[PDB]
Amino acid sequence: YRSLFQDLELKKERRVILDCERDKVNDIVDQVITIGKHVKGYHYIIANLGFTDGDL
Amino acid sequence: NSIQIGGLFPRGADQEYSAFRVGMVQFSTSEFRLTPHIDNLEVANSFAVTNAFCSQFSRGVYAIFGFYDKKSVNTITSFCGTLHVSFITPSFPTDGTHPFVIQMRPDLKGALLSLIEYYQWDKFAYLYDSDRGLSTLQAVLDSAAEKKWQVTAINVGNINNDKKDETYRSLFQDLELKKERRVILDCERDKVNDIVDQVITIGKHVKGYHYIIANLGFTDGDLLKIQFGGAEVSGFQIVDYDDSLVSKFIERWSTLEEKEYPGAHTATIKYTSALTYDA
Amino acid sequence: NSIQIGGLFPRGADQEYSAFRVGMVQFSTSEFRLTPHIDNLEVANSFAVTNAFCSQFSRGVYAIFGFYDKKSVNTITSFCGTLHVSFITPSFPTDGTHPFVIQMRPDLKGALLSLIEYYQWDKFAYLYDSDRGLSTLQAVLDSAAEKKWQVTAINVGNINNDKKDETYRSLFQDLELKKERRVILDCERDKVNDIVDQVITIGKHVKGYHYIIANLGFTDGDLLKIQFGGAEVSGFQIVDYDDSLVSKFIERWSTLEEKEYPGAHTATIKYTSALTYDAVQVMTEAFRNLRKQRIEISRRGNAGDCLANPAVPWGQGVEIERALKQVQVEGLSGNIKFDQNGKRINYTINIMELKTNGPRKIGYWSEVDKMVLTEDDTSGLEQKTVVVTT
């Protein structure tokens, strides 16, 4: 994960639309927390109907 | 030869007690044996402390040992000072010199001063909990005259656990008005945990901020939660684990079953307990 | 129906004990007459404090009175909380809501912050003794955060008296490093007057400096010594000498021989002693109300030793505390009213300024009305000769 988002940093991406199952959704979110890339200036879109079902 | 001694301990300090009995086992000698009088009274009730103190005095113990609150420190100094009974203690160093007050915890503030001197901060917020004593803060203020620092200290310990939430966000939001990049936290292990957690939730563990944890438990703290945030973090350790005697201590410290000595079956140990075992 | 009571007066506080005697005189009544167990012990020595405390506890006194050190606050608080014994003090207030605690000092904090807001200061030094506690420090720092203030607090109080002169020289130079013109003082009056004398010797009593004396008794100090240095000086006062009740009190006060009553034969008085007399009025009238309650409470030395394990307090005193808190009566510091937390409430603290003619009121401070300026300007003395640099 860290390698992945680090790879995203080379493009300096501010915007990603996640498209995953709710479990991996929660995990990836947790990793985003740990790397801290959820400060203002980033944005996310969770492509599923469970957007409320997951923790936010 | 039996040797009676005091043994005050706050409840919830189980690790220090386990390590204490470990000290009783490890260093027992054929010539004589210590005779502990264990007491698990809360330190918050200074009167109760007085009670246990008179109790062990009735025991006629040649020594007394245990933790003390800043609420209790004047009491212990008053009584032990009066009766000329010695009292070793893990807790924070007395702000005033006293007879019969051996104290296991090294003064930490000067190292903190030299530390700031290294980081060369001009200005920074400084959170603090009252319980360990405000004297450290006094010191940082003294230097603030000499070092023209513009520190903004704020207490945190008044807050209830029940509303232990928005007060933080409001607090750091207040820090944002000064746009502070640098804070030296000065809090208890638990408060360290909650504060670090809230910092995570507000995401200020990102690079461009910095932190300094003013205690010996900087390794004891669970910093793994923020290791990857990119913000630099630094603190203190009174006990290197690379030390031979230390590693040897770990070799058996893991071995003990938790049922006999709870909180002992771990790779490491709180430095305070280590101070007990040394004491 | 004489009622046994405590008496814990620290040595050298003669004026206070004399005021206590005057309190015994002014409110003596046929329904009951108080029975002091007066003692003179060091306030710092928590051990001796516990000794006398347990002694009166052996007496089983229904009330206790005396001061306490910040070192000893935890002592008496822990005892009142454990033994459920009511107690009254003129010492500085606890930071926590401690049961069975009565205290004659309204907090000076809010009026102080209000004063700061009145002067609209941004930078200032804050000298302090440790002894009254650091609560005011925590407060001023707290307001300093939100108000973008630049505090320069310093612990003057740890300095040895052996050379209480040398340190000051570097000390004010430290202020000169930032050229501070604004210095809050937070110490007991003796340290206050000493330090002011040092300000004289260094000559910083000159105009353009401003000063704040953080104490209930602003008039108690030797202000006359620097009245004409031109530097502005002002402070809070809980005691209006101009009050007719206070006036009559003076009329009986200075007239008395100081031999029988040391510290009494003067035109002046410590605010502490006034708090003492007020405490006497409050306690006495409280038990007067107890007689209306007719709730008999009389007991022998049933309390015995204080080390009873567990000690089990008698609950009639718990009721007595309720009887105390509900008391609402006028005193030397104006009205006295208590919250169930035991703090004084709905009080007032007059503002004071050192005009060149002498010290002077300009307003008063309710806790709920906050700052309240009074019109009292006496139609303007003079413009005091405006400086004109060029």
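The rules we used
Residues numbered from 1 in each chain as written, not as in the entry; some residues may be left out. Chains lettered and ligands numbered in written order. Part of a larger assembly, values for the part shown. Heavy atoms only, no water. Contact = heavy atoms within 4.5 Å. Buried area = accessible area lost by both parts, 1.4 Å probe. Polar contact = N/O pair within 3.5 Å; in protein donor to acceptor, adjacent residues only side chain to side chain. Nonpolar A, V, L, I, M, F, W, Y, C, P; charged D, E, K, R; others polar. Disulfide = S-S within 2.5 Å. Helix = DSSP H or I, 4+ residues; strand = E, 2+ residues; numbered from the N terminus. Buried < 20%, exposed > 50% of the residue type's maximum accessible area, 1.4 Å probe, protein only. Core = buried A, V, L, I, M, F, W, Y, C linked by side-chain atoms within 4.5 Å. Salt bridge = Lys/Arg side-chain N within 4 Å of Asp/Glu carboxyl O. Patch = residues over 30% accessible without salt bridge, like charges linked within 9 Å, V, L, I, M, F, W, Y side chains within 5 Å. Areas by Shrake-Rupley, 256 points an atom, 1.4 Å probe, with all protein chains shown as cover. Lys, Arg positive; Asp, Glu negative; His and termini not counted. Charge placed at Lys NZ, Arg CZ, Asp CG, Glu CD. Pairing = 2+ DSSP bridges. Expected span 1.5 Å × (residues − 1). Arc of directions from axis to C-beta. Axes fitted to C-alpha atoms, helices over the stretch in contact; angles between N-to-C directions. Parallel < 35°, antiparallel > 145°, perpendicular 65-115°, else oblique. Left-handed = near helix turned anticlockwise from the far one by under 90°. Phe/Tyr/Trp six-rings, centres within 6.5 Å; stacked < 30°, edge-to-face > 60°.

The deposited coordinates for this entry were obtained by cryo-EM, with a reported resolution of 8.3 Å.

1. A closer look at the interface of chain B and chain A
Between chain B and chain A, the residue contacts involve eight residues of the former and seven residues of the latter. A buried area of about 520 Å², summed over both sides, lies between chain B and chain A, and 65% of it is on carbon and sulfur atoms. Here chain B and chain A share zero residue pairs in polar contact between them. Across the side of chain B that touches chain A, the residue classes tally to three nonpolar, four polar and one charged.

2. Quick look at the state of the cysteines
Residues and elements named next belong to chain C. In this structure the tally under the stated criterion is one disulfide over all chains. Between the sulfur atoms of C54 and its disulfide mate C306 the distance is 2.0 Å. Where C54 bonds to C306 through sulfur, the torsion about that S-S bond is close to 90°, and the disulfide is right-handed. In this pair, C54 is assigned in helix α2 (residues 46-59) and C306 in the loop between α9 (271-293) and α10 (316-325), connecting sequence segments 252 residues apart. Exposure class is identical for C54 and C306. Each is buried.

3. Structural notes on the nonpolar core
Residue and element names in this part refer to chain C. Grouped together as the largest cluster of nonpolar side chains are 70 residues, with contacts concentrated most on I116, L137 and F249. If one sorts the elements of this core by residue count, α9 sits on top with eleven residues. Sequence-distant contacts of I116, defined by excluding residues within four places in its chain, comprise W121, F124, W149 and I184. Core analysis: the second largest hydrophobic core is formed by 25 residues, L127, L185, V199 and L354 among them.

4. Concerning the pattern of salt bridges
All names here are of chain C. Taken as a whole and judged by the stated rule, the model has 30 salt bridges over all chains. In this structure, the salt-bridge partner of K109 is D107, at a minimum N-O distance of 3.5 Å. Here the salt bridges do not stand alone but share partners, grouping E31, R288 and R291 into one network.

5. Points about a negative patch on the surface
On the surface, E21, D23, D27, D30 and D55 of chain A cluster together into a negatively charged patch. By the element assignment, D23 of chain A lies in helix α2 (residues 22-35).

6. Quick notes on the sheet that holds strand β3 (residues 64-65) of chain C
Residue and element names in this part refer to chain C. Strand order in this open sheet of three strands is β3-β4-β5, and the pairing throughout is parallel. Each end of this open sheet is capped by a strand with a single partner; those strands are β3 and β5 (102-103). Bridge analysis of strand β4 (residues 87-89) against β5 gives two bridges, and the strand direction is parallel. Residue pairing across strands places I88 opposite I102, the latter belonging to β5.

7. With respect to the interface of chain B and chain C
Residue-level contacts link 25 residues of chain B with 22 residues of chain C. Here chain B packs against chain C, burying approximately 2200 Å² in sum over the two surfaces, 61% of which is carbon and sulfur. For the chain B face of the interface with chain C, the top three residues by lost area are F47, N74 and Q138 of chain B, together amounting to 26%. On the surface where chain B and chain C come into contact, there are zero salt bridges. For the interface between chain B and chain C, the tally reads six residue pairs in polar contact.

8. Overview of helix α6 (residues 166-177) of chain B
All names here are of chain B. Over its twelve residues, α6 runs 17 Å from end to end, which matches the ideal 16 Å to within 8%, given 1.5 Å per residue. Of all the positions in α6, only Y168, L171, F172 and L175 are classed as buried. In a view along the axis of α6, the buried residues occupy a sector of 90°, so they form one face of it. Exposed and facing more than 90 degrees away from the buried side of α6 are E166, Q173 and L177. On its buried face, α6 is in contact with β5 (125-128), β6 (152-155) and α7 (189-202).

9. Examining the sheet that holds strand β6 (residues 123-128) of chain C
To summarise the sheet geometry, strands pair through backbone hydrogen bonds and adopt either a parallel or an antiparallel arrangement. All names here are of chain C. If you trace the eight strands from one edge of the open sheet to the other, you get β7-β6-β8-β9-β10-β13-β14-β15, paired in mixed fashion. Only two strands of the sheet have a single partner each, and these edge strands are β7 (150-155) and β15 (370-373). Taken pair by pair, the neighbouring strands of this sheet meet at an average axis angle of 25°, ignoring direction. The sheet contact formed by strand β14 (residues 358-366) and β15 spans four bridges and is antiparallel. Opposite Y364, over in β15, you have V372 as the bridge partner. Each of β6, β7 and β8 (182-186) is contacted by helix α5 (residues 135-147), which is oriented at about 165° to β7, the strand it contacts most.

10. A look at the environment of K71 of chain C
By secondary structure assignment, the location of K71 of chain C is in helix α3 (residues 70-83). Residue classification places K71 of chain C among the partly exposed positions, given a relative accessible area of 35%. When the C-alpha positions of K71 of chain C and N45 of chain C are compared, they lie 8.5 Å apart, and in sequence the two are 26 residues distant. Each residue touching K71 of chain C, except ones within four places of it in the same chain, is listed here: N74 of chain B together with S46 of chain C.

11. As for the pairing of strand β12 (residues 334-337) of chain C
Residue and element names in this part refer to chain C. Of the strand pairs in this sheet, strand β11 (residues 328-331) and β12 are connected by four bridges, and their pairing is antiparallel. Looking at the pairing, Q328 lines up with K337 of β12. As consecutive antiparallel partners, β11 and β12 are separated by two residues.

12. Some thoughts on the arrangement of the chains
Across the two pairs of chains that are in contact, the largest number of contacts falls between chains B and C. As for chain C relative to chain A, no contact occurs, and the smallest C-alpha gap between them is 25 Å.

13. Observations concerning the packing of helix α1 (residues 14-26) of chain B against helix α9 (residues 271-278) of chain B
Residue and element names in this part refer to chain B. Running from N to C, α1 and α9 point in directions that differ by 25°, and their axes come no closer than 8 Å. Regarding the angle of α1 to α9, the classification is roughly parallel. Regarding α1 and α9, the two cross each other, and that crossing is right-handed. Facing α1, whose interface residues are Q15, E16, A19, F20, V22, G23 and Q26, α9 presents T272, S273, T276 and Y277. The residue makeup of the contact of α1 with α9, split by class, is four nonpolar, six polar and one charged.

14. Looking at the packing of α6 of chain B against α7 of chain B
Residues and elements named next belong to chain B. In the contact formed by α6 and α7, the axes pass within 10 Å of each other and the chain directions differ by 65°. Taken together, the axes of α6 and α7 lie roughly perpendicular to each other. Here α6 and α7 pass one another in a crossing that is right-handed. Of α7, the residues touching α6 (which contributes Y168, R169 and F172) are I195, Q198, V199, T201 and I202. Split by residue class, the contact of α6 with α7 holds five nonpolar, two polar and one charged.

15. A few points about the packing of aromatic side chains
All names here are of chain C. Counted under the stated rule, the structure contains 33 aromatic pairs over all chains. With a centroid separation of 5.1 Å and 45° between ring planes, the pair formed by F27 and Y277 is classed as tilted. With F27 in the loop between α1 (14-26) and β2 (34-39) and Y277 in helix α9, this residue pair connects regions lying 250 residues apart in the sequence. Since its relative accessible area comes to 23%, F27 is described here as partly exposed. For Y277, a relative accessible area of 8% puts it in the buried group.

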